[PDB]
Structure formats: C-alpha cells, structure tokens
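A structural walkthrough
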Amino acid sequence: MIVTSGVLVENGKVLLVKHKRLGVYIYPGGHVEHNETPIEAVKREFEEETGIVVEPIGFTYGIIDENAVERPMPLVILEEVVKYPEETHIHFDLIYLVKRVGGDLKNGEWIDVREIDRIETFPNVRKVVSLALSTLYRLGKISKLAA
Amino acid sequence: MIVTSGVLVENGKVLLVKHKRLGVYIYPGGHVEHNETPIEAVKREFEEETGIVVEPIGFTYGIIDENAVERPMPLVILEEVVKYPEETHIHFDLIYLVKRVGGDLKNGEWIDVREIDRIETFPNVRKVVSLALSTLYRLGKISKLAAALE
Ligand SMILES: [Ir+3]
Ligand SMILES: [Ir+3]
Ligand SMILES: [Ir+3]
Ligand SMILES: [Ir+3]
Ligand code: NI
Ligand code: NI
C-alpha cells in the first residue's frame, strides 16, 4: 500500500499526531487514495489530521513543460511493516518535508526535537526528524546548530 | 494514477519501447498495481515490456532495521498530463534509474543518445535521459573510487 507522511519542523519542534490504531506518535499522513497524487494526499491528510495547511518542499531539477511538472523529492522513502493481529501490512512510505502555508492547529502536538525519546513514537520517527533537520539546513532554512 | 518508469542506459544507448497507445518512444514502465510497490512494479514492467531484468538503483541514506527498509530515490518524479481526445490522464511518474541484471532483449530498441533529438519520443524523455547520463557519470566515479580503494 502506498502511503505518504509530512514532516513539519518549526522552531526546534516537530508536529506529531497519534496513530488511530497503534496509538503511538507519527507524522501526519496516510494512504494515498486511488484518485489523488501523493502530493495532494499529504496535503489533504496533514490538514484533516491537524487543521494545518502545508506544502511539500524539497529538491527538484526544475523540469516543467506543457506536458508535465516535476514534483519535489521525498525526504526519504521507507518500506515499513505494520503488524496487526489479523495480518501484517507493508507501507511504501513517501515521506515529505513540508512547510506551513495556513490553517490553524486543531489536533496534534508540537514535540521538541531533542525530547522525542520521551514519547512513544512509530519506528524511525527519530531518524527521520534527523534527516529533516539536515535537509532544512541544506536549504539554509535553518542554521547548522538548529539542525 | 501512480506509475513508474525505468531508465536503462548502456554504452551511450538508452532502451526505449513504443508507447502502447501513442507509439512514441518512451522508457519502459506502467501503472503500479494495488498489490505491489513501485520498486516491484518497475522491475515487472521492464521485464514484461522488453524481456530485460533490471534492478532500480538510486540514493539511499542506508536505513534498514527490523521495522523498515529504505528504498532508492527515483531519478526524478514528473507529474504528467497525457492528453487523449477521449480522456486526459494524470500520471504521477516515479522515474527510476535502473541497471541490467539479467534477461534478454525481446522487444524495444537501444537508442543512441546522440540521435535522440531526431527521434519522436514521449514528452521529457530527452531531459530525463540527460539527467540519467549525469547521474551515471557520478555513480561511475564513486564505484571506480571504491574499486581503486583496493
Ligand atoms: Ir529501531
Ligand atoms: Ir507499428
Ligand atoms: Ir499504461
Ligand atoms: Ir516539450
Ligand atoms: Ni493502515
Ligand atoms: Ni495510459
């Protein structure tokens, strides 16, 4: 199942929500519906789950012509295992760095990136925030110290 | 629809197939089915369409543990608008650089990149092949370096 996640980091904090069935903290995200692109899906899910409107950002070579438009590269792509009692699912997760462009927080919690070890999170949440901090730094949206 | 494509370049030539509906030359690829990952889909489509067996290659940070395995980044992701008079298709195309690992050519043509500006290709194929060539040049540098380190 192809899914997508959005990693929003502001002022040393990352916005996480609790997974519906697992009850651990995760990046907002979810399954990419058959009728939407992963980009539309991550924006949709981030807003529905937190009330915050975002835009995926990241690297692109800059291709755009009358026939196609290049979309930003995910921060990372992890093929993840989720084990339910009845069956194990495999999530091909396109994880996108995102930025806030609107909305207002209605659900979710801003977690200090250095205190992530204090809350129960889905596997790799910590490694991924580390990747996000290094990336925001590579874009200069953040100082190396902040990263 | 999410789709995937495989860019295979060997000795200055890129392997292209005629688009199933448009005829124009394009990298092998196709839709990702409900039961598979884009990685599996590109390997399946490439073999079905050309007879060649490939493996996607690309950047990875190297994350792999009991809970997840990182998969290679696509060479580029293009959200394509494919217009037919009947219907327009929106293809979110994960384009992977791939390497040959087996099979045998049964369909498709190895196209000399030096001739591609006079060959009718699907939109953006030429820009994508140029990215593939730069990327392969860099990967070739990294492996020769790893080898020299012996
Ligand atoms: Ir772990
Ligand atoms: Ir023909
Ligand atoms: Ir197709
Ligand atoms: Ir064009
Ligand atoms: Ni699920
Ligand atoms: Ni089609």
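Residues numbered from 1 in each chain as written, not as in the entry; some residues may be left out. Chains lettered and ligands numbered in written order. Heavy atoms only, no water.

Looking at the entry header, you'll see X-ray crystallography listed as the method and 1.85 Å as the resolution.

Tallying secondary structure elements over chain B gives two helices and ten strands in all. Traced from its N-terminal end to its C-terminal end, chain B shows the element sequence β-β-β-β-β-α-β-β-β-β-β-α. Computed over the C-alpha atoms, the radius of gyration of chain B is 16 Å, within 12% of the 15 Å expected from 2.2 N^0.38 for a compact globule of 150 residues. Dimensions of chain B along its principal axes, counting C-alpha atoms only, are 55 × 40 × 25 Å. The burial tally for chain B puts 49% of its 150 residues in the buried class. (Helix = DSSP H or I, 4+ residues; strand = E, 2+ residues; numbered from the N terminus. Rg over C-alpha atoms; globule rule 2.2 N^0.38 Å. Buried < 20%, exposed > 50% of the residue type's maximum accessible area, 1.4 Å probe, protein only.)

This part takes up the pairing of strand β9 (residues 76-83) of chain A. With six of eight residues buried, β9(A) is to be regarded as a mostly interior element. Where β9(A) lies against strand β10 (residues 88-103) of chain A, eight bridges are found, and the strand directions are antiparallel. From the neighbouring strand, A:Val76 faces β10(A), where its bridge partner is A:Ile95. The antiparallel pairing of β9(A) with β10(A) creates a hairpin that spans four residues between the two strands. Two elements, β9(A) and strand β7 (residues 68-70) of chain B, share three bridges in a ladder whose sense is antiparallel. For A:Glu80, the partnering residue across the bridge sits in β7(B) and is B:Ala68. (Pairing = 2+ DSSP bridges.)

Right, let's get into the interface of chain A and chain B. Contacts between the two partners involve 32 residues from chain A, matched on the other side by 31 residues from chain B. When chain A packs against chain B, close to 2900 Å² is buried across both sides, 67% of that on carbon and sulfur atoms. Contact with chain B buries surface across chain A, with A:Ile63, A:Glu79 and A:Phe92 losing the most and accounting together for 19% of the total. A salt bridge links B:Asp65 to A:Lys127; its shortest N-O distance comes to 3.6 Å. Seen at the junction of chain A and chain B, the total is nine residue pairs in polar contact. If you list the elements that add at least two residues to the side of chain A that touches chain B, you get α1 (38-50), β8 (68-70), β9, β10 and α2 (125-138) of chain A. Among the elements that take part in the side of chain A that touches chain B, β9(A) stands out by supplying six residues, more than any other. Split into classes, the residues belonging to the side of chain A that touches chain B amount to 20 nonpolar, five polar and seven charged. (Contact = heavy atoms within 4.5 Å. Buried area = accessible area lost by both parts, 1.4 Å probe. Salt bridge = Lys/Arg side-chain N within 4 Å of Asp/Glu carboxyl O. Polar contact = N/O pair within 3.5 Å; in protein donor to acceptor, adjacent residues only side chain to side chain. Nonpolar A, V, L, I, M, F, W, Y, C, P; charged D, E, K, R; others polar.)

Where two aromatic rings form a pair, the distance of their centres and the angle of their planes describe that pair. As enumerated under the stated definition, the model contains two aromatic pairs over all chains in all. Summarising the aromatic geometry, the rings of A:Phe59 and A:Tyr61 are spaced 5.0 Å apart at their centres and angled 80 degrees between planes, so their arrangement reads as edge-to-face. We classify A:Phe59 as partly exposed; its relative accessible area is 49%. Residue classification places A:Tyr61 among the partly exposed positions, given a relative accessible area of 41%. Judged by centre distance (5.0 Å) and plane angle (90 degrees), the ring pair of B:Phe59 and B:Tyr61 falls under edge-to-face. A relative accessible area of 35% means that B:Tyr61 is categorised as partly exposed. One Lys or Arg, A:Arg21, reaches over the ring of A:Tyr84 and ends 3.7 Å from the middle of that ring. (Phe/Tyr/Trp six-rings, centres within 6.5 Å; stacked < 30°, edge-to-face > 60°. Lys NZ or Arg CZ within 6 Å of the ring centre and 35° of its normal.)

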